[PDB]
Asker: 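Below is one structure. I have some questions about it.
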4 protein chains.
Amino acid sequence: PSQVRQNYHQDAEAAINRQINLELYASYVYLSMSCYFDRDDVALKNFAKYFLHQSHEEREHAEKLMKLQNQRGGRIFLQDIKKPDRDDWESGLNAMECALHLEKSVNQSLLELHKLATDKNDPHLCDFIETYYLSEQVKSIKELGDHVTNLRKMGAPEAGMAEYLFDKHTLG
Amino acid sequence: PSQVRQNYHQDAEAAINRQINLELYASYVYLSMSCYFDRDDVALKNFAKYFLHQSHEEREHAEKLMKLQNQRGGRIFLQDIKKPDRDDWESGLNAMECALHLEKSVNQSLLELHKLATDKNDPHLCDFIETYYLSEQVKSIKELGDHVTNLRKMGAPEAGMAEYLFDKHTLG
Amino acid sequence: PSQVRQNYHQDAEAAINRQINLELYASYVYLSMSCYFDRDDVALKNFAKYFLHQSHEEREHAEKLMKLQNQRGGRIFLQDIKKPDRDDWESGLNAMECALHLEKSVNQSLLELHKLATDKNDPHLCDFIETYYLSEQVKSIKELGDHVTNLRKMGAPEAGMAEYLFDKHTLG
Amino acid sequence: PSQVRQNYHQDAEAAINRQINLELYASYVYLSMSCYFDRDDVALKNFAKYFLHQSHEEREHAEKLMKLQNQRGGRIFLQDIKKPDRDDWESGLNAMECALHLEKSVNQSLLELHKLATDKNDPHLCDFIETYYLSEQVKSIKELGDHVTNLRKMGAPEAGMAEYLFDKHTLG
Ligand SMILES: [Fe+3]
């Protein structure tokens, strides 16, 4: 094997590659949302900025996983990055709800990866996931839930002023 | 002819003079809008500021065309600057819609001018129009479309708060 | 159509979407190269840094195309980002050769897109491609050719010192 | 027992003392390497500097373990620090290979210590080992593997220029 490989199960390496592809897919979905809100018939600049920042953060998460895989002596295997489920995200509120669902799915995959690391007795991988991924997932889920709650209370998307003022005040 | 004239067709010179008059007319229309929003019974300061800035930008575009005409050895012929079609612009949303229409008409005239430059094999004129006028027209049209979309979603002009809050948050 | 759409053919919109997917694919390929050179059994840090920078530049090119598509009133349609052709790039020289091939293919697609813009009489699109994409492609192709020539003269990859010293002196 | 002792098994205390002695031994071995490369007939200053820094880092690791042992109410028991296996390390490449082996052995002992902490339900000890020792071991192993790979590709130690240029460019 690799000269640096030590206590790194092949199942963990495969699951790291799968998580890499999932993070890249999440980056792609956020890019799709960000480009939806830049349309002339949507025109919510701070929503688009927020989702572009989320896309870049997901890219950084994938790159950190790739660095971890090379650090442990595993070999990175890249797969296709699937296109997002839709191109029209229909509202700021619907995009925030879908982002919340996506982040919860990514968190569930990370929890499965941590369970795999625990079952294989890989404390370094468990420490990596706990330190760099689980807490960030919890904060992201809480922030998206806060956003969805506020937009819902404002009357979005029926109340046309709601998404505009949320764009100005919360995301601006 | 002029001692500096070279590869400058008379049709291009005439079309440059026509474009000069069109830019001056657009400046006049924007000045009319800006003075409409400064009325005591309208009182939207940031709308008036936005349209005054647009008027000054259109005048700068006309001056740049005049400089181009003198640079190529053509002779500037000024015509009457027609008064705008109306004095009462009736709302912020209606003024933005009419501005979008005016910018699209100016862009169509610029595209015709570029086609004329291409048919006459004047690469300097084509480069001038592409570099300094077409891209700015595209950005201006996109910005006006964004403004119209946002005002429409806010419920303007029926929702009285819409134009006020758009004046404060987007134009302010 | 879009309220901002003007002189934007549907063929141009489709070709812009295809170019978007091509730029994203090129970013993915460069990311694959960058992760190959971070392996413990390759260990060329400046090669990996160079290819990571190339990946980020390709993503920026894709984002600029997306902004152009929204600016002209076209609608962005995202497709799958295909996985790179290989995971093992076998040497610094082979990776540079494949990068040169990839950049030439991207340039050929850009030239086809410019020919389409010229045939449809879209001077704004032609100006966009010429200003922001063709010159950068020419610089990138020249730089990659220089790199390949230097590595070949050094005796890479048979001469083991060649890629190391190229990593230190040229890429470092 | 100690007035501060709480949830600290005697097996954990014994294993902490053993790890202390192992870290001190690793510091001694690195000091031996550093003094080997300062010889007039070897004369690789940056190799010696690198190994002296490694020796000081291992001593700091031992001191941190000693502080942990006093913090939990355990009692430090020091043993003999055995002399290194050899005095002549024969090359930069051989010294790097032996350093890689030594760091992997230290990492294996740390993994055993973490398994002991997990079996005894000592979350503070597991957190201490994961935060301060396992990640650093992974970085050190990866760095040493990178060094060995680069020296091997350069042709060390047969190619006399290889260790000199690695000393100047990588370690300098
Ligand atoms: Fe040198």
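Hydrogens, waters and symmetry mates are skipped; everything else that's a heavy atom, side chains included, is used. Residue numbering restarts at 1 for every chain, and letters A, B, ... go by the order of the sequence lines.
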Asker: Any chance you could measure B:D146, atom CG, to C:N70, atom CG, to the nearest 0.5 Å?
Answerer: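 Rounded to the nearest 0.5 Å, the CG-CG separation comes to 9.0 Å.
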Asker: Picking from B:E143, B:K104, B:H114, which has the most non-hydrogen pairs under 4.5 angstrom with chain C?
Answerer: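 Between B:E143, B:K104, B:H114, the count favours B:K104.
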Asker: In terms of heavy-atom pairs under 4.5 Å, which option from B:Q137, B:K142, B:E130 contacts chain C the most?
Answerer: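 Among the listed options, the one with the most contacts to chain C is B:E130.
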Asker: Are any non-hydrogen side-chain atoms of B:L111 and C:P123 less than 4.5 angstrom apart?
Answerer: yes
Asker: Between CG of B:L134 and CG of C:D122, what distance do you get to the nearest 0.5 Å?
Answerer: 9.0 Å
Asker: Just verifying a value: how many Å separate B:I141 CD1 and C:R72 CZ, rounded to the nearest 0.5 Å?
Answerer: 8.5 Å
Asker: What part of B:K115 gets within 4.5 angstrom of chain C, counting heavy atoms only: side chain, backbone, both, or neither?
Answerer: side chain
Asker: Just wondering, are more than 12 heavy atoms of other shown residues or ligands nearer than 6.0 Å to NZ in C:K64?
Answerer: yes
Asker: Are there over 12 heavy-atom neighbours, none belonging to B:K49, within less than 6.0 Å of that residue's NZ?
Answerer: yes
Asker: Look up atom CG in C:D127 and atom OH in B:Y132, then write down how far apart they are to the nearest 0.5 Å.
Answerer: 11.0 Å
Asker: Decide if atom CZ of B:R59 counts as having more than 12 heavy atoms of other residues, nucleotides or ligands within a radius under 6.0 Å.
Answerer: no
Asker: Ignoring hydrogens and angles, state whether a donor on the side chain of C:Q3 or B:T149 is under 3.5 Å from an acceptor on the partner side chain.
Answerer: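 The answer is yes; a qualifying pair exists.
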Asker: Has C:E60 got more than 12 heavy atoms of other residues, nucleotides or ligands less than 6.0 Å from its CD?
Answerer: yes
Asker: Is it the case that more than 12 heavy atoms not belonging to B:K83 sit under 6.0 Å from its NZ atom?
Answerer: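 Count not over threshold, so no.
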Asker: Using heavy-atom distances under 4.5 Å, tell me whether B:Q108 contacts chain C through its side chain, its backbone, both, or neither.
Answerer: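 Both backbone and side chain of B:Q108 come within 4.5 Å of chain C.
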Asker: Report, as yes or no, whether the 6.0 Å neighbourhood of atom NE2 on B:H53 holds more than 12 heavy atoms from other residues, nucleotides or ligands.
Answerer: no
Asker: So B:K139 and C:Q71, do their side chains get closer than 4.5 Å, heavy atoms only?
Answerer: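 Touching, per the 4.5 Å side-chain cut-off.
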